[PDB]
Structures are given as C-alpha cells and as structure tokens.
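Geometric and topological summary
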Amino acid sequence: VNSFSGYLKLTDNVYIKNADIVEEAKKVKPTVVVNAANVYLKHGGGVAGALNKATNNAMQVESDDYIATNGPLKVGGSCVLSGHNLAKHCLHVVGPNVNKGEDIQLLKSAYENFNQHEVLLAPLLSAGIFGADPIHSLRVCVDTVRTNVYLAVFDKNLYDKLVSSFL
Ligand SMILES: C[C@H](SCC(=O)O)C(=O)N1CCNC1=O
C-alpha cells in the first residue's frame, strides 16, 4: 500500500492523475520525484522551472555544483540528486527535446531510468515544451517502465484526452 490518492489505474504498474506535480510532491513526499531535466540541469521552465521554484532555487544551486563536477548529462540519461522539500530524491531525467531536434527513439532510453526505482512520481517525459506528443510519451512509458509509476498530467484537457485515447 502507498500514499498516492485519486489516480486512475492504466496498467498493472502505471497510474495517472490530473495534478500539479509540485502540489502532489508537497502532499505525498514520495521517495522519488522525477524532473523533466535538460543535459545542463538548467531548470528554467515546465516541470524543471516549477520544481526548482518550489525549492526556492536550492535545486538549481545543487545542480550547478553537480554539473561543475561531472559535466552535462546525456540525452536519455539521468542523475539522482536531493528532493529538497519535495521528496527524498529527485531523479533528473533528460528526455529528447523535439524543439532542439533530438531523436524521439531516445524517449525509451529516458524512461528506462525509472526502472532503477521501485516507486516514482513523474511527469510525461518529452511532453509540453519538449515538443513530443504526450499520447506517444504515455505509450512509451507503459511499454518501458516496469516499476510503479504515478504520472501527474498538468493539463486537465490533456489528461482527459490521454485517458480517453489509452489502449
Ligand atoms: C510536462 C508538462 S506539459 C502539460 C501536462 O502535463 O499536461 C509541464 O509543463 N508541466 C508544468 C508543470 N507540471 C507539468 O507537468
């Protein structure tokens, strides 16, 4: 049994809800919240901007030290950092950004990072300002992630479209 409430069950392991990921993280304090990161961990907008703002910029400070030591992530890659006030840990995952011309086949590699964690609160990777089709992102999620993933869809209109179109 876990703390997550009000989710629709899509599959054995994937759940979805119309929710503000910061507000959901603040309520649940999950072991892992996933950030929609870029390779530079520059948390300017979308999920990264929101999450970072909710940490009062502590996520960005920690991220800048990580990059100064380790250099950029790979597209499709991830790192584990603090969850600050939102979660125990934040898994920063880099999905391909279609608005930068990155290969969408890298979306499956991105979701494979979730399999290193038994339970996660996450957004749909590569959706929103990353330019990919959220319907596609949900399909790749379901077909890739085997651990228990609780997806927070920001937009109610999009949430309803994702549920109604789910095969
Ligand atoms: C990846 C999403 S796109 C819209 C969606 O999930 O419907 C995004 O930009 N944001 C901002 C805050 N929470 C989010 O998920």
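Residues numbered from 1 in each chain as written, not as in the entry; some residues may be left out. Heavy atoms only, no water. Residues with missing side-chain atoms left out of burial classes, pairs and counts.

Going by what the PDB entry lists, the chain is known as Non-structural protein 3 and is assigned to Severe acute respiratory syndrome coronavirus 2.

Attention shifts here to the overall build of the chain. Of the regular secondary structure elements, the chain holds six helices and seven strands. Its helices and strands in sequence order give the chain the pattern β-β-α-β-α-α-β-β-α-β-α-β-α, from N to C terminus. For 167 residues, the compact-globule formula gives about 15 Å, and the C-alpha radius of gyration of the chain, at 15 Å, lands near that figure. (Helix = DSSP H or I, 4+ residues; strand = E, 2+ residues; numbered from the N terminus. Rg over C-alpha atoms; globule rule 2.2 N^0.38 Å.)

Buried together is how nonpolar side chains tend to be arranged in soluble globular proteins. The biggest cluster of nonpolar side chains holds 26 residues, and the ones touching the most others in it are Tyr111, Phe114 and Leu151. The set of elements that each furnish at least two residues to this core consists of β2 (14-18), β3 (32-36), β5 (89-93), α4 (106-112), β6 (119-122), α5 (134-144), β7 (148-153) and α6 (156-164). For this core, the element with the highest residue contribution is α5, accounting for four residues. Every residue in contact with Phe114, bar those within four places of it in the chain, is listed here: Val34, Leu91, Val93, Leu120, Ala122, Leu125, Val145, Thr147 and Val149. Residues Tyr15, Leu121, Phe130 and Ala152 belong to the second largest nonpolar core, which totals 20 residues. (Core = buried A, V, L, I, M, F, W, Y, C linked by side-chain atoms within 4.5 Å. Buried < 20%, exposed > 50% of the residue type's maximum accessible area, 1.4 Å probe, protein only. Contact = heavy atoms within 4.5 Å.)

The environment of the ligand is formed by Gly46, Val47, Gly128, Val153, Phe154, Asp155 and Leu158. Contacts to the ligand include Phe154, whose backbone N or O atom sits 2.7 Å from an oxygen atom. Interatomic distance of 2.8 Å between a backbone N/O atom of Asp155 and an oxygen atom of the ligand. Considered on its own, the ligand offers 380 Å² of accessible surface; in the complex 85% of this is hidden by protein. For the shell around the ligand, the per-class residue count stands at four nonpolar, two polar and one charged. (Near = heavy atom within 4 Å. Polar contact = N/O pair within 3.5 Å; in protein donor to acceptor, adjacent residues only side chain to side chain. Areas by Shrake-Rupley, 256 points an atom, 1.4 Å probe, with all protein chains shown as cover. Nonpolar A, V, L, I, M, F, W, Y, C, P; charged D, E, K, R; others polar.)

Here we come to the layout of surface pockets. In this approach, a probe sized like a water molecule rolls over the atoms, and the result shows the empty space that is left. Empty space within the largest pocket amounts to approximately 690 Å³. Forming the boundary of the largest pocket are 35 residues, of which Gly46, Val47, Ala127, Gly128 and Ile129 lie nearest the centre. Broken down by secondary-structure element, the contributors of at least two residues to the lining of the largest pocket are α2 (46-54) and β7. When residues in the lining of the largest pocket are grouped by element, the largest group, four residues, is from α2. Here the residues of the lining of the largest pocket are counted per class, giving 22 nonpolar, eight polar and five charged. (1 Å grid on protein atoms, 1.4 Å probe; cavity = no way out; pocket = protein on both sides within 12 Å on 5 of 7 lines; lining within 4 Å. Points joined across faces, edges and corners; volume = space filled by probe spheres on them.)

Further remarks concern the state of the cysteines. Taken as a whole and judged by the stated rule, the model has zero disulfides. Sulfur of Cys90: no disulfide; nearest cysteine sulfur belongs to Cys79 and is 7.9 Å away. Given a relative accessible area of 0%, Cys90 falls into the buried group. With no disulfide of its own, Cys141 lies 16 Å from the sulfur of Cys90, the closest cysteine sulfur. (Disulfide = S-S within 2.5 Å.)

Another point: the packing of α5 against α6. Helix-helix packing is characterised by the crossing angle of the two axes and by the distance between the axes. With their axes 10 Å apart at the nearest point, α5 and α6 run at an angle of 55 degrees to one another. Taken together, the axes of α5 and α6 lie oblique to each other. Note that α5 runs across α6; the crossing there is right-handed. Contacts from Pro134, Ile135 and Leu138 of α5 reach α6 at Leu158, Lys161 and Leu162. Per-class residue counts for the contact of α5 with α6 are five nonpolar, no polar and one charged. (Axes fitted to C-alpha atoms, helices over the stretch in contact; angles between N-to-C directions. Parallel < 35°, antiparallel > 145°, perpendicular 65-115°, else oblique. Left-handed = near helix turned anticlockwise from the far one by under 90°.)

Glancing now at helix α3 (residues 58-70). Helical periodicity: at 3.6 residues per turn, an α-helix aligns residues three or four positions apart in one direction. With 13 residues, α3 should cover 18 Å at 1.5 Å per step; its first-to-last C-alpha distance of 18 Å lies within 8% of that length. Along α3, the residues classified as buried are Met59, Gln60, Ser63, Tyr66 and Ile67. Take α3 and look down its axis: the buried residues cluster within an arc of 120 degrees, on one side only. Of the residues in α3, the exposed ones pointing more than 90 degrees away from the buried face are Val61, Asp65, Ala68 and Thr69. Buried residues along α3 sit in contact with β3, α2, β4 (78-82) and β5. (Expected span 1.5 Å × (residues − 1). Arc of directions from axis to C-beta.)

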